[PDB]
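Before any comments, here is the structure.
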Amino acid sequence: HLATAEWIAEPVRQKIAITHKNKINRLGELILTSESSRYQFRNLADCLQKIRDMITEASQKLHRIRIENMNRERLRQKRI
Amino acid sequence: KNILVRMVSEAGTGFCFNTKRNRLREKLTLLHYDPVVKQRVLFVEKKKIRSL
Amino acid sequence: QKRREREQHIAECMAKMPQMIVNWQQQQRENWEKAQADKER
Amino acid sequence: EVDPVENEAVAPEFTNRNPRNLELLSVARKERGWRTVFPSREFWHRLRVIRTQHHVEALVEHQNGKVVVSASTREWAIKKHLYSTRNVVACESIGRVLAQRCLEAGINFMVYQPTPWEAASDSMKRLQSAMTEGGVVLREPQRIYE
Amino acid sequence: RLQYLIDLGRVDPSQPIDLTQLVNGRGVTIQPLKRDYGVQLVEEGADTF
Amino acid sequence: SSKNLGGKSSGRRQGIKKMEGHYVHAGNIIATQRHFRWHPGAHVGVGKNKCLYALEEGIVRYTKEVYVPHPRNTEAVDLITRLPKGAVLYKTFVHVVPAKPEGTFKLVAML
Amino acid sequence: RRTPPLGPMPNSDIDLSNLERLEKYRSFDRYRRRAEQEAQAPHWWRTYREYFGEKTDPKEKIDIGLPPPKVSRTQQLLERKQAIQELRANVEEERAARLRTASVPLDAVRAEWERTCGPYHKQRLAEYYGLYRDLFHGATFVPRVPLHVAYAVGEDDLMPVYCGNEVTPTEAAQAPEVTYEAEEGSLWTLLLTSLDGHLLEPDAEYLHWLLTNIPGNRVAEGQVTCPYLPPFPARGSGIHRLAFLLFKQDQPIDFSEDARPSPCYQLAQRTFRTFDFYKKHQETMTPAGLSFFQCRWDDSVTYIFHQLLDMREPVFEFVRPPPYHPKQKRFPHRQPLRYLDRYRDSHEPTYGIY
Amino acid sequence: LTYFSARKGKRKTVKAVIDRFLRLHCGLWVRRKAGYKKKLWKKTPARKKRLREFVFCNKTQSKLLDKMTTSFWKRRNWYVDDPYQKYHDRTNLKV
RNA sequence: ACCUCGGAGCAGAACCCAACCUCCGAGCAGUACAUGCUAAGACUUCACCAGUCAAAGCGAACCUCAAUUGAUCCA
Ligand SMILES: [Mg+2]
Ligand SMILES: [Mg+2]
Ligand SMILES: [Mg+2]
Ligand SMILES: [Mg+2]
């Protein structure tokens with residue numbers, strides 16, 4: 001549960017929520033999966049390294065979407 | 001009439017490549033891609049190997 | 001020491017590099033100018 | 001056991017029937033090949049300009065041959081405001097109307113394939129400039145193969 | 001292999017394990033004439049050890 | 001005597017490698033040719049020895065289409081612009097009809 | 001061995017006698033034009049159009065629309081031409097045309113484009129997008145009523161749904177303001193449906209609005225037989241189609257079998273089929289307007305799945321089929337260690353019995 | 001080759017085979033391409049890569065090399081950082 | 001007299017096909033300096049060696065030609 005994770009600071013917790021809301025379930029918990037090895041030891045180590053990377057970054061196609069959003073603005077331009 | 005020449009990079013990486021040039025032409029200097037520095041850098045000639 | 005010396009030499013050459021880029025390029029376009037003068041002759 | 005919600009029955013494979021679906025996801029096939037002949041048919045949408053003796057006409061057309069959008073000096077809408085229907089002013093007006101119509105319809109990218117004299121002609125330069133400032137991009141994005 | 005030997009009782013866990021114990025339990029064969037330098041402990045079956 | 005020399009070269013083993021209806025995977029060479037006998041069509045690429053290979057996976061179909069060369073192809077455009085009016089050139093083209101879709105959307109999570 | 005041709009040969013009607021005396025293509029453009037008409041010709045041999053082109057039935061898709069408006073062509077062209085010579089008699093128009101500095105009023109051009117020829121173009125766009133195949137199973141109509149629909153966003157902003165622009169469900173979350181020029185005493189029906197977006201049925205769609213029995217241009221006093229649900233395309237599911245259908249109703253029609261309840265947040269109840277609904281009510285209304293748009297997933301989409309619909313949000317992803325990799329040989333004669341890596345399963349070391 | 005030596009009465013190994021080829025324990029023989037360091041100024045880059053590849057052998061050539069090498073070269077070797085530990089074995093091979 | 005390589009006929013239409021059979025050539029030249037790296041799938045001169053085309057990807061940019069050639073050891 002990301003919100004009730006007292007070992008994570010408040011602003012980095014909010015940054016994690018707004019950055020990885022696509023991995024937050026409806027019950028408000030973060031989900032992380034690893035399937036990169038046939039050892040659960042290495043899979044769990046990968047998952048923990050993902051958590052550590054998320055915490056440290058919170059502490060610290062795109063062209064197509066940009067151009068279509070610009071065209072949506074150019075259609076959006078009409079006021080009352 | 002032509003010659004094979006070895007051109008060494010000016011980046012100091014020791015990278016080098018062989019090209020052909022006419023014998024009557026002057027000493028060659030080109031812009032060739034150096035894979036050590038990942039950048040297109042100057043290569044000057046440094047040796048002549050064999051006659052073509 | 002050997003690795004640091006090689007990296008320092010490479011860094012020095014790459015630091016000096018863009019000026020040789022631009023003056024070799026102006027030399028090449030001067031070769032073009034001499035060639036077009038000679039074929040104008 | 002927890003009673004499952006009768007709404008939560010989701011099919012394990014989604015069937016998106018939009019013909020523009022994979023095209024707008026850039027995973028749809030472009031018809032590669034035809035390397036010997038002209039024009040190239042590796043596109044999704046194509047701008048085709050027909051400059052007749054009396055009229056200047058423009059299509060935006062799929063690879064299928066289906067016409068998506070058209071704009072012509074044949075139409076009253078254009079004839080009311082051109083002095084003549086065969087000028088570069090004509091071509092720029094057609095391009096401005098077609099650009100807002102492609103904006104209008106959702107076609108943001110298209111491939112324009114002019115022959116050299118058309119491309120060097122002032123009318124087509126004015127045309128593509130009008131298209132670009134109208135808001136469409138005349139270069140389609142690359143397909144995501146992987 | 002190590003867990004198999006321990007369960008079948010050929011290797012005693014209550015005493016320190018080395019090459020003499022492994023060879024006496026016949027879990028490994030060592031040929032020093034064939035340039036073997038010993039036993040490498042590899043990671044297979046770490047999930048059930 | 002017999003002052004004729006040379007002419008001892010073997011056959012090139014060229015020609016069609018994949019006929020009609022043959023299931024062809026991506027990159028399979030369809031035809032090898034010394035001149036442009038068969039032309040590339042849909043989802044068929046051409047390699048610099050003018051070989052024909054499949055760009056997609058599917059079924060090989062040979063059709064006969066009109067021939068419009070590129071306006072920079074000088075000799076072909078010369079032949080076009082010297083052709084009489086009412087006439088059109090036809091060439092044999094090779095297509096690959098893709099059998100499989102590009103992919104499917106399937107459920108992976110219930111977030 | 002020869003076989004006679006099954007029809008006329010292509011370059012057969014050209015006289016081969018006076019080939020110096022015949023007229024000639026001197027133009028690549030002229031040849032390209034002639035070759036394009038010849039490519040569009042049917043032909044009796046095998047063709048790229050035969051193998052790749054789409055094969056519709058020769059059904060001559062039935063018009064289910066309103067009759068076209070009638071105009072007087074003679075006075076129409078008289079007014080055309082007199083406007084043209086007035087503009088040509090304007091001297092500064094010729095100067096601007098020669099100096100390449102003239103311009104064209106886009107808003108007037110657009111507005112009377114929907115007045116004259118906008119309906120046929122709109123029919124062509126919606127045929128290209130495939131609503132008449134999907135919504136209407138082939139039957140076509142020309143949308144003869146300009147259906148302007150916009151979404152109030154911000155306090156001064158609004159989103160027009162024109163004929164397939166992308167509108168995010170943030171902009172589509174609340175009800176859209178609708179207008180369409182109309183006369184008193186004529187009844188209407190407005191419909192919004194999501195074609196692509198059914199999570200279970202590959203054939204069915206979702207109702208989002210079923211406003212019925214509209215007195216006129218005023219839209220707010222009709223019977224709301226289903227509340228407006230903003231569109232919900234899932235994550236990674238691609239781009240979906242949402243269609244507004246406007247229907248001219250002559251008589252009043254009861255909608256009791258098709259009245260969704262007070263707020264209806266069940267997709268099973270919101271299941272919909274324009275084919276069946278217009279089949280049941282065919283003798284009553286006739287379609288006259290059509291505007292549609294495209295939508296992608298959004299955070300508002302996450303909000304409607306979680307809070308409103310009471311759902312765990314489905315997530316889809318686009319997966320490619322596995323690569324070919326032919327049957328593995330015991331002796332890969334001139335292949336590399338990469339061939340062995342092609343047939344490898346796991347990237348970690350294995351040790352077998354050791 | 002020598003089938004029975006003069007001193008030991010044992011089969012001998014052809015060292016030329018040992019110095020040119022690598023035998024994976026599965027039964028495959030790896031080799032290099034002939035002339036992969038010859039006339040590279042003549043050779044095109046695709047041809048240069050094709051020559052730089054490490055390629056396998058025939059069943060016929062593999063059986064021939066197995067006959068010229070003794071059984072010492074066919075044993076299983078547990079080297080420290082052998083870059084062919086992956087390729088010593090076959091995976092998913094059906095007949 | 002020839003010995004290696006390529007094109008055309010013989011060998012008319014998938015492939016292949018000989019003669020101290022009939023003709024023509026080759027043992028380069030020109031451009032470039034990403035003529036970088038890597039990698040699915042194939043072709044193959046009837047074996048092998050050798051040879052040939054190439055999707056995608058990284059990095060950039062925004063080759064012609066028909067043969068035009070020589071293994072290993074060793075230097
Ligand atoms: Mg011959
Ligand atoms: Mg022969
Ligand atoms: Mg072979
Ligand atoms: Mg590529």
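Residue numbering restarts at 1 in every chain; chains get A, B, ... in the order shown in the structure tokens, and ligands count up from 1 in that same order.
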
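Among the residues of chain H, backbone DSSP assigns strand (DSSP E) to residues 22, 23, 29, 30, 31, 32, 54 and 55 of chain H.
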
Could you turn the residues from that selection into a file that holds N, CA and C atoms, as a short mmCIF file (atom, residue, chain, number, x, y, z; two decimals), in the first residue's frame?
```
data_model
loop_
_atom_site.label_atom_id
_atom_site.label_comp_id
_atom_site.auth_asym_id
_atom_site.auth_seq_id
_atom_site.Cartn_x
_atom_site.Cartn_y
_atom_site.Cartn_z
N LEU H 22 37.10 -26.64 -32.98
CA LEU H 22 36.60 -26.73 -31.61
C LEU H 22 35.42 -27.69 -31.59
N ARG H 23 35.46 -28.66 -30.68
CA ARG H 23 34.40 -29.64 -30.56
C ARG H 23 33.55 -29.34 -29.34
N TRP H 29 31.13 -29.45 -34.38
CA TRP H 29 32.46 -28.90 -34.59
C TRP H 29 32.34 -27.48 -35.13
N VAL H 30 32.96 -26.54 -34.44
CA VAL H 30 32.96 -25.14 -34.84
C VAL H 30 34.28 -24.84 -35.54
N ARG H 31 34.22 -23.99 -36.56
CA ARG H 31 35.41 -23.59 -37.30
C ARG H 31 35.25 -22.14 -37.72
N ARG H 32 36.33 -21.60 -38.27
CA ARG H 32 36.32 -20.27 -38.86
C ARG H 32 36.28 -20.38 -40.38
N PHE H 54 31.56 -17.53 -36.92
CA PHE H 54 32.00 -18.87 -36.51
C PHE H 54 30.93 -19.86 -36.96
N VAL H 55 31.30 -20.81 -37.81
CA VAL H 55 30.33 -21.67 -38.47
C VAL H 55 30.56 -23.13 -38.07
#
```

Can you list, as a PyMOL selection string, every protein, DNA or RNA residue that comes within 12 Å of residue 60 (chain I) when you count only C-alpha atoms (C1' of nucleotides), leaving out same-chain residues fewer than 3 positions away?
(chain B and resi 32-33+38-40) or (chain I and resi 34+36-37)

Residues of the last selection are to be written out with C-alpha atoms (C1' of nucleotides), as a PDB file, in the first residue's frame.
```
ATOM      1  CA  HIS B  32      35.655   8.882 -41.408  1.00  0.00           C
ATOM      2  CA  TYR B  33      33.630   7.384 -38.570  1.00  0.00           C
ATOM      3  CA  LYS B  38      31.644   7.080 -31.667  1.00  0.00           C
ATOM      4  CA  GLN B  39      32.109  10.135 -33.865  1.00  0.00           C
ATOM      5  CA  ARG B  40      33.066  11.027 -37.428  1.00  0.00           C
TER       6      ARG B  40
ATOM      7  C1'   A I  34      28.562   5.144 -41.865  1.00  0.00           C
ATOM      8  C1'   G I  36      29.933   1.610 -39.645  1.00  0.00           C
ATOM      9  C1'   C I  37      28.035  -2.226 -36.158  1.00  0.00           C
TER      10        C I  37
END
```

Please return, as a PDB file with N, CA and C atoms (P, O5', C5', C4', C3', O3' and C1' of nucleotides), in the first residue's frame, all residues of chain I lying within 8 Å of chain F when only C-alpha atoms (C1' of nucleotides) are considered.
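To be explicit, this is the file written out as selection00.pdb:
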```
ATOM      1  P     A I   1      51.505 -23.222 -80.072  1.00  0.00           P
ATOM      2  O5'   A I   1      49.999 -23.463 -79.616  1.00  0.00           O
ATOM      3  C5'   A I   1      48.913 -22.937 -80.365  1.00  0.00           C
ATOM      4  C4'   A I   1      47.603 -23.541 -79.929  1.00  0.00           C
ATOM      5  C3'   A I   1      47.209 -23.285 -78.483  1.00  0.00           C
ATOM      6  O3'   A I   1      46.599 -22.020 -78.299  1.00  0.00           O
ATOM      7  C1'   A I   1      46.943 -25.581 -78.974  1.00  0.00           C
ATOM      8  P     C I   5      36.837 -21.718 -63.529  1.00  0.00           P
ATOM      9  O5'   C I   5      36.508 -20.163 -63.627  1.00  0.00           O
ATOM     10  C5'   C I   5      36.336 -19.381 -62.454  1.00  0.00           C
ATOM     11  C4'   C I   5      35.987 -17.952 -62.785  1.00  0.00           C
ATOM     12  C3'   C I   5      34.766 -17.753 -63.663  1.00  0.00           C
ATOM     13  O3'   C I   5      33.538 -17.877 -62.971  1.00  0.00           O
ATOM     14  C1'   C I   5      36.518 -16.399 -64.461  1.00  0.00           C
ATOM     15  P     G I   6      32.247 -18.431 -63.750  1.00  0.00           P
ATOM     16  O5'   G I   6      31.824 -17.227 -64.704  1.00  0.00           O
ATOM     17  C5'   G I   6      31.327 -16.019 -64.150  1.00  0.00           C
ATOM     18  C4'   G I   6      31.116 -14.946 -65.191  1.00  0.00           C
ATOM     19  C3'   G I   6      30.135 -15.257 -66.306  1.00  0.00           C
ATOM     20  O3'   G I   6      28.783 -15.141 -65.907  1.00  0.00           O
ATOM     21  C1'   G I   6      32.056 -14.233 -67.210  1.00  0.00           C
ATOM     22  P     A I  14      10.904 -20.671 -68.506  1.00  0.00           P
ATOM     23  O5'   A I  14      11.653 -21.908 -67.845  1.00  0.00           O
ATOM     24  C5'   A I  14      10.945 -22.845 -67.053  1.00  0.00           C
ATOM     25  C4'   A I  14      11.386 -22.775 -65.615  1.00  0.00           C
ATOM     26  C3'   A I  14      12.850 -23.085 -65.362  1.00  0.00           C
ATOM     27  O3'   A I  14      13.705 -21.985 -65.622  1.00  0.00           O
ATOM     28  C1'   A I  14      11.533 -24.312 -63.851  1.00  0.00           C
ATOM     29  P     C I  15      15.053 -22.194 -66.473  1.00  0.00           P
ATOM     30  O5'   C I  15      16.001 -23.010 -65.493  1.00  0.00           O
ATOM     31  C5'   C I  15      16.356 -22.485 -64.225  1.00  0.00           C
ATOM     32  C4'   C I  15      16.972 -23.544 -63.353  1.00  0.00           C
ATOM     33  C3'   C I  15      18.184 -24.244 -63.940  1.00  0.00           C
ATOM     34  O3'   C I  15      19.382 -23.499 -63.808  1.00  0.00           O
ATOM     35  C1'   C I  15      16.696 -25.860 -63.082  1.00  0.00           C
ATOM     36  P     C I  16      20.390 -23.373 -65.053  1.00  0.00           P
ATOM     37  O5'   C I  16      21.142 -24.775 -65.081  1.00  0.00           O
ATOM     38  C5'   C I  16      21.747 -25.305 -63.912  1.00  0.00           C
ATOM     39  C4'   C I  16      21.981 -26.789 -64.037  1.00  0.00           C
ATOM     40  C3'   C I  16      22.758 -27.226 -65.265  1.00  0.00           C
ATOM     41  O3'   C I  16      24.156 -27.076 -65.098  1.00  0.00           O
ATOM     42  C1'   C I  16      20.862 -28.621 -64.980  1.00  0.00           C
ATOM     43  P     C I  20      37.406 -30.316 -75.573  1.00  0.00           P
ATOM     44  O5'   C I  20      38.547 -29.672 -76.477  1.00  0.00           O
ATOM     45  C5'   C I  20      38.279 -28.528 -77.282  1.00  0.00           C
ATOM     46  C4'   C I  20      38.811 -28.682 -78.687  1.00  0.00           C
ATOM     47  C3'   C I  20      38.402 -29.966 -79.412  1.00  0.00           C
ATOM     48  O3'   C I  20      38.081 -29.687 -80.773  1.00  0.00           O
ATOM     49  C1'   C I  20      40.768 -29.779 -79.369  1.00  0.00           C
ATOM     50  P     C I  23      33.666 -19.358 -85.188  1.00  0.00           P
ATOM     51  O5'   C I  23      33.076 -18.442 -84.031  1.00  0.00           O
ATOM     52  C5'   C I  23      33.671 -17.210 -83.669  1.00  0.00           C
ATOM     53  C4'   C I  23      32.644 -16.295 -83.056  1.00  0.00           C
ATOM     54  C3'   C I  23      33.167 -15.259 -82.082  1.00  0.00           C
ATOM     55  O3'   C I  23      33.780 -14.145 -82.700  1.00  0.00           O
ATOM     56  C1'   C I  23      31.268 -16.294 -81.157  1.00  0.00           C
ATOM     57  P     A I  40      20.111 -13.962 -35.650  1.00  0.00           P
ATOM     58  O5'   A I  40      18.644 -13.725 -36.210  1.00  0.00           O
ATOM     59  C5'   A I  40      18.033 -14.663 -37.075  1.00  0.00           C
ATOM     60  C4'   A I  40      16.560 -14.388 -37.212  1.00  0.00           C
ATOM     61  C3'   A I  40      15.848 -15.182 -38.289  1.00  0.00           C
ATOM     62  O3'   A I  40      15.503 -16.493 -37.881  1.00  0.00           O
ATOM     63  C1'   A I  40      15.269 -12.917 -38.502  1.00  0.00           C
ATOM     64  P     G I  41      16.165 -17.762 -38.608  1.00  0.00           P
ATOM     65  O5'   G I  41      15.496 -17.788 -40.055  1.00  0.00           O
ATOM     66  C5'   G I  41      14.096 -17.621 -40.235  1.00  0.00           C
ATOM     67  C4'   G I  41      13.799 -16.952 -41.553  1.00  0.00           C
ATOM     68  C3'   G I  41      14.255 -17.711 -42.786  1.00  0.00           C
ATOM     69  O3'   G I  41      13.340 -18.721 -43.169  1.00  0.00           O
ATOM     70  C1'   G I  41      14.904 -15.443 -42.966  1.00  0.00           C
ATOM     71  P     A I  42      13.872 -20.153 -43.659  1.00  0.00           P
ATOM     72  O5'   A I  42      15.215 -19.815 -44.438  1.00  0.00           O
ATOM     73  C5'   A I  42      15.504 -20.427 -45.682  1.00  0.00           C
ATOM     74  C4'   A I  42      15.461 -19.422 -46.799  1.00  0.00           C
ATOM     75  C3'   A I  42      16.355 -19.725 -47.990  1.00  0.00           C
ATOM     76  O3'   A I  42      15.768 -20.636 -48.903  1.00  0.00           O
ATOM     77  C1'   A I  42      16.722 -17.506 -47.301  1.00  0.00           C
ATOM     78  P     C I  43      16.619 -21.879 -49.459  1.00  0.00           P
ATOM     79  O5'   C I  43      17.391 -21.278 -50.713  1.00  0.00           O
ATOM     80  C5'   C I  43      16.717 -20.473 -51.666  1.00  0.00           C
ATOM     81  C4'   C I  43      17.695 -19.735 -52.541  1.00  0.00           C
ATOM     82  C3'   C I  43      18.803 -20.582 -53.148  1.00  0.00           C
ATOM     83  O3'   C I  43      18.390 -21.294 -54.301  1.00  0.00           O
ATOM     84  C1'   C I  43      19.728 -18.608 -52.237  1.00  0.00           C
ATOM     85  P     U I  44      18.828 -22.824 -54.514  1.00  0.00           P
ATOM     86  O5'   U I  44      20.397 -22.754 -54.771  1.00  0.00           O
ATOM     87  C5'   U I  44      20.935 -22.086 -55.903  1.00  0.00           C
ATOM     88  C4'   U I  44      22.418 -21.867 -55.747  1.00  0.00           C
ATOM     89  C3'   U I  44      23.240 -23.116 -55.472  1.00  0.00           C
ATOM     90  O3'   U I  44      23.531 -23.876 -56.630  1.00  0.00           O
ATOM     91  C1'   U I  44      23.842 -21.448 -53.925  1.00  0.00           C
ATOM     92  P     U I  45      23.588 -25.477 -56.537  1.00  0.00           P
ATOM     93  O5'   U I  45      24.729 -25.882 -57.570  1.00  0.00           O
ATOM     94  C5'   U I  45      26.013 -25.273 -57.522  1.00  0.00           C
ATOM     95  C4'   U I  45      26.616 -25.161 -58.900  1.00  0.00           C
ATOM     96  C3'   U I  45      28.139 -25.093 -58.951  1.00  0.00           C
ATOM     97  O3'   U I  45      28.583 -25.708 -60.160  1.00  0.00           O
ATOM     98  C1'   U I  45      27.239 -23.136 -59.904  1.00  0.00           C
ATOM     99  P     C I  53      25.494  -9.577 -52.294  1.00  0.00           P
ATOM    100  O5'   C I  53      23.941  -9.561 -51.957  1.00  0.00           O
ATOM    101  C5'   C I  53      22.985  -9.562 -53.004  1.00  0.00           C
ATOM    102  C4'   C I  53      21.599  -9.861 -52.499  1.00  0.00           C
ATOM    103  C3'   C I  53      21.130  -9.066 -51.297  1.00  0.00           C
ATOM    104  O3'   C I  53      20.759  -7.734 -51.602  1.00  0.00           O
ATOM    105  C1'   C I  53      20.521 -11.330 -51.029  1.00  0.00           C
ATOM    106  P     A I  54      21.037  -6.563 -50.537  1.00  0.00           P
ATOM    107  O5'   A I  54      20.095  -6.924 -49.304  1.00  0.00           O
ATOM    108  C5'   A I  54      18.685  -6.821 -49.416  1.00  0.00           C
ATOM    109  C4'   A I  54      17.972  -7.532 -48.292  1.00  0.00           C
ATOM    110  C3'   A I  54      18.155  -6.953 -46.902  1.00  0.00           C
ATOM    111  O3'   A I  54      17.349  -5.809 -46.696  1.00  0.00           O
ATOM    112  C1'   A I  54      18.411  -9.292 -46.808  1.00  0.00           C
ATOM    113  P     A I  55      17.524  -4.887 -45.393  1.00  0.00           P
ATOM    114  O5'   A I  55      16.157  -5.123 -44.622  1.00  0.00           O
ATOM    115  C5'   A I  55      14.964  -5.348 -45.357  1.00  0.00           C
ATOM    116  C4'   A I  55      13.858  -5.855 -44.472  1.00  0.00           C
ATOM    117  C3'   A I  55      13.745  -5.190 -43.114  1.00  0.00           C
ATOM    118  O3'   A I  55      13.116  -3.922 -43.157  1.00  0.00           O
ATOM    119  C1'   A I  55      13.625  -7.521 -42.840  1.00  0.00           C
TER     120        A I  55
END
```

Can you pull out every residue within 10 Å of region 20-33 of chain C, counting only C-alpha atoms (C1' of nucleotides), but drop anything in the same chain fewer than 5 positions away, and send it as a PyMOL selection string?
(chain B and resi 10+29-31+40-42) or (chain C and resi 14+38-39)

Write the selection just made, keeping N, CA, C and O atoms, as an mmCIF file, in the first residue's frame?
```
data_model
loop_
_atom_site.group_PDB
_atom_site.id
_atom_site.type_symbol
_atom_site.label_atom_id
_atom_site.label_comp_id
_atom_site.auth_asym_id
_atom_site.auth_seq_id
_atom_site.Cartn_x
_atom_site.Cartn_y
_atom_site.Cartn_z
ATOM 1 N N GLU B 10 42.945 10.900 -36.234
ATOM 2 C CA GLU B 10 43.534 12.015 -35.509
ATOM 3 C C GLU B 10 43.021 12.125 -34.080
ATOM 4 O O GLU B 10 43.464 13.017 -33.349
ATOM 5 N N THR B 29 43.381 13.219 -46.701
ATOM 6 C CA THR B 29 42.785 13.592 -45.424
ATOM 7 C C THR B 29 41.272 13.510 -45.575
ATOM 8 O O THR B 29 40.694 14.217 -46.406
ATOM 9 N N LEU B 30 40.632 12.653 -44.780
ATOM 10 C CA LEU B 30 39.206 12.383 -44.915
ATOM 11 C C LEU B 30 38.496 12.516 -43.575
ATOM 12 O O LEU B 30 39.117 12.634 -42.518
ATOM 13 N N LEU B 31 37.166 12.492 -43.647
ATOM 14 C CA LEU B 31 36.285 12.480 -42.484
ATOM 15 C C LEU B 31 35.631 11.106 -42.412
ATOM 16 O O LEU B 31 34.700 10.820 -43.172
ATOM 17 N N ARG B 40 32.380 10.807 -36.163
ATOM 18 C CA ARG B 40 33.066 11.027 -37.428
ATOM 19 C C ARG B 40 34.207 12.017 -37.225
ATOM 20 O O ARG B 40 33.966 13.206 -36.988
ATOM 21 N N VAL B 41 35.446 11.533 -37.330
ATOM 22 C CA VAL B 41 36.641 12.317 -37.047
ATOM 23 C C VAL B 41 37.558 12.294 -38.270
ATOM 24 O O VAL B 41 37.371 11.511 -39.201
ATOM 25 N N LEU B 42 38.551 13.184 -38.266
ATOM 26 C CA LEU B 42 39.558 13.215 -39.321
ATOM 27 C C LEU B 42 40.461 11.999 -39.276
ATOM 28 O O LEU B 42 40.864 11.531 -38.207
ATOM 29 N N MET C 14 40.191 15.067 -28.879
ATOM 30 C CA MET C 14 38.796 15.429 -29.116
ATOM 31 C C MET C 14 38.498 16.861 -28.689
ATOM 32 O O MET C 14 37.586 17.492 -29.236
ATOM 33 N N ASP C 38 39.998 26.396 -62.236
ATOM 34 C CA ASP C 38 40.773 25.704 -63.261
ATOM 35 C C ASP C 38 39.896 25.166 -64.387
ATOM 36 O O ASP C 38 40.325 25.157 -65.546
ATOM 37 N N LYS C 39 38.678 24.710 -64.081
ATOM 38 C CA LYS C 39 37.785 24.293 -65.158
ATOM 39 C C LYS C 39 37.056 25.472 -65.793
ATOM 40 O O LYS C 39 36.439 25.305 -66.851
#
```

Applying 12 Å and only C-alpha atoms (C1' of nucleotides), which residues near residue 254 (chain G) remain after dropping the ones on its own chain fewer than 5 positions away? List them as a PDB file with N, CA, C and O atoms, in the first residue's frame.
```pdb
ATOM      1  N   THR G 189     -34.401  12.704 -32.689  1.00  0.00           N
ATOM      2  CA  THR G 189     -33.778  11.756 -31.762  1.00  0.00           C
ATOM      3  C   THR G 189     -32.264  11.843 -31.890  1.00  0.00           C
ATOM      4  O   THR G 189     -31.730  11.736 -32.996  1.00  0.00           O
ATOM      5  N   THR G 212     -34.455  11.405 -26.737  1.00  0.00           N
ATOM      6  CA  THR G 212     -35.540  11.112 -27.657  1.00  0.00           C
ATOM      7  C   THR G 212     -36.592  12.209 -27.611  1.00  0.00           C
ATOM      8  O   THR G 212     -36.754  12.907 -26.606  1.00  0.00           O
ATOM      9  N   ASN G 213     -37.292  12.344 -28.739  1.00  0.00           N
ATOM     10  CA  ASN G 213     -38.458  13.212 -28.904  1.00  0.00           C
ATOM     11  C   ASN G 213     -38.110  14.677 -28.634  1.00  0.00           C
ATOM     12  O   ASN G 213     -38.662  15.331 -27.748  1.00  0.00           O
ATOM     13  N   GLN G 223     -36.901  13.851 -23.820  1.00  0.00           N
ATOM     14  CA  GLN G 223     -36.864  12.759 -22.859  1.00  0.00           C
ATOM     15  C   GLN G 223     -35.474  12.144 -22.813  1.00  0.00           C
ATOM     16  O   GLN G 223     -34.976  11.630 -23.819  1.00  0.00           O
ATOM     17  N   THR G 225     -33.835   9.252 -22.062  1.00  0.00           N
ATOM     18  CA  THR G 225     -34.084   7.835 -21.832  1.00  0.00           C
ATOM     19  C   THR G 225     -32.830   7.081 -21.418  1.00  0.00           C
ATOM     20  O   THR G 225     -32.926   5.901 -21.066  1.00  0.00           O
ATOM     21  N   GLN G 249     -37.779  12.587 -36.809  1.00  0.00           N
ATOM     22  CA  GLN G 249     -39.000  11.894 -36.427  1.00  0.00           C
ATOM     23  C   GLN G 249     -40.207  12.729 -36.830  1.00  0.00           C
ATOM     24  O   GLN G 249     -40.291  13.918 -36.492  1.00  0.00           O
ATOM     25  N   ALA G 259     -35.717   2.193 -22.884  1.00  0.00           N
ATOM     26  CA  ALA G 259     -35.493   3.250 -21.901  1.00  0.00           C
ATOM     27  C   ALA G 259     -34.580   2.693 -20.815  1.00  0.00           C
ATOM     28  O   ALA G 259     -35.006   1.879 -19.991  1.00  0.00           O
ATOM     29  N   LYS G 280     -36.247  -2.009 -35.605  1.00  0.00           N
ATOM     30  CA  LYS G 280     -37.509  -1.942 -34.879  1.00  0.00           C
ATOM     31  C   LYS G 280     -38.259  -0.648 -35.155  1.00  0.00           C
ATOM     32  O   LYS G 280     -39.492  -0.663 -35.244  1.00  0.00           O
ATOM     33  N   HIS G 281     -37.556   0.477 -35.291  1.00  0.00           N
ATOM     34  CA  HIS G 281     -38.241   1.757 -35.442  1.00  0.00           C
ATOM     35  C   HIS G 281     -38.127   2.346 -36.848  1.00  0.00           C
ATOM     36  O   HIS G 281     -38.242   3.561 -37.017  1.00  0.00           O
ATOM     37  N   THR G 284     -40.625   4.876 -38.580  1.00  0.00           N
ATOM     38  CA  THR G 284     -40.904   5.997 -37.698  1.00  0.00           C
ATOM     39  C   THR G 284     -39.954   7.168 -37.896  1.00  0.00           C
ATOM     40  O   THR G 284     -40.417   8.287 -38.147  1.00  0.00           O
TER      41      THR G 284
END
```
